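Contents: one structure, followed by commentary.
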Amino acid sequence: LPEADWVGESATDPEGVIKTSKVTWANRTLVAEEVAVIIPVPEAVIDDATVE
Amino acid sequence: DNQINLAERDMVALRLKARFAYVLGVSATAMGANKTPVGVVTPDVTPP
């Protein structure tokens, strides 16, 4: 965030100067990553079983 | 050290300017060639 302040009045003092300030932004990222599994089985066990 | 930044101090200024010239018509008359059109009374410096 920027930051305002009380200025005062002077042509010559360190006060009466309006101080400068900065708004800033940053980056966030969605990065896609892969989750997986392999599940191997004998084909004869698929053939013999009573369920899918 | 004498620098004033107007916007940085919330100030303004009036700049006032003029452009002027002057010429004296030292020139010829019926009396001669380079006659001056002005004379002066100078102040008294006597000690009386």
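As shown in the structure tokens, the chain order sets the letters A, B, ...; within each chain, residues go from 1, and ligands are also counted from 1 in the order they appear.
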Discussion item. Based on only C-alpha atoms, which of the residues in chain A come within 12 Å of chain B? I want them as an MDAnalysis selection string.
Written reply: chainID A and resid 7:20
Among range 4-42 of chain B, which ones does DSSP assign to strand (DSSP E) (computed from the backbone)? Answer as a PDB file with N, CA, C and O atoms, in the first residue's frame.
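Heads up, here's the output in result-v8.pdb:
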```pdb
ATOM      1  N   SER B  27      20.186  63.861 -32.562  1.00  0.00           N
ATOM      2  CA  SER B  27      20.015  64.031 -34.010  1.00  0.00           C
ATOM      3  C   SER B  27      20.240  65.485 -34.420  1.00  0.00           C
ATOM      4  O   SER B  27      20.546  66.320 -33.570  1.00  0.00           O
ATOM      5  N   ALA B  28      20.166  65.789 -35.713  1.00  0.00           N
ATOM      6  CA  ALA B  28      20.385  67.135 -36.217  1.00  0.00           C
ATOM      7  C   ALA B  28      19.178  68.054 -36.008  1.00  0.00           C
ATOM      8  O   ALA B  28      18.027  67.643 -36.126  1.00  0.00           O
ATOM      9  N   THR B  29      19.460  69.331 -35.775  1.00  0.00           N
ATOM     10  CA  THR B  29      18.487  70.428 -35.683  1.00  0.00           C
ATOM     11  C   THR B  29      18.905  71.559 -36.617  1.00  0.00           C
ATOM     12  O   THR B  29      19.973  71.519 -37.224  1.00  0.00           O
ATOM     13  N   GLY B  32      22.689  72.411 -35.512  1.00  0.00           N
ATOM     14  CA  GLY B  32      23.858  71.543 -35.709  1.00  0.00           C
ATOM     15  C   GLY B  32      23.558  70.045 -35.674  1.00  0.00           C
ATOM     16  O   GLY B  32      22.404  69.637 -35.600  1.00  0.00           O
ATOM     17  N   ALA B  33      24.605  69.224 -35.752  1.00  0.00           N
ATOM     18  CA  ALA B  33      24.515  67.835 -36.205  1.00  0.00           C
ATOM     19  C   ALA B  33      24.072  66.785 -35.169  1.00  0.00           C
ATOM     20  O   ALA B  33      23.354  65.852 -35.515  1.00  0.00           O
ATOM     21  N   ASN B  34      24.519  66.886 -33.919  1.00  0.00           N
ATOM     22  CA  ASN B  34      24.288  65.867 -32.888  1.00  0.00           C
ATOM     23  C   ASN B  34      23.872  66.543 -31.589  1.00  0.00           C
ATOM     24  O   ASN B  34      24.651  66.664 -30.646  1.00  0.00           O
ATOM     25  N   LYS B  35      22.642  67.042 -31.566  1.00  0.00           N
ATOM     26  CA  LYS B  35      22.148  67.899 -30.494  1.00  0.00           C
ATOM     27  C   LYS B  35      21.335  67.067 -29.516  1.00  0.00           C
ATOM     28  O   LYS B  35      20.432  66.337 -29.913  1.00  0.00           O
TER      29      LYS B  35
END
```
Worksheet entry | Distance of CA of residue 39 in chain B from CA of residue 25 in chain B, expressed in Å to one decimal place | 13.4 Å
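Note that the spacing between CA of residue 38 in chain B and CA of residue 24 in chain B amounts to 9.1 Å.
In this comparison, which uses only C-alpha atoms, the residue of A:49, A:21, A:39, A:34 approaching residue 3 in chain A most closely is A:21.
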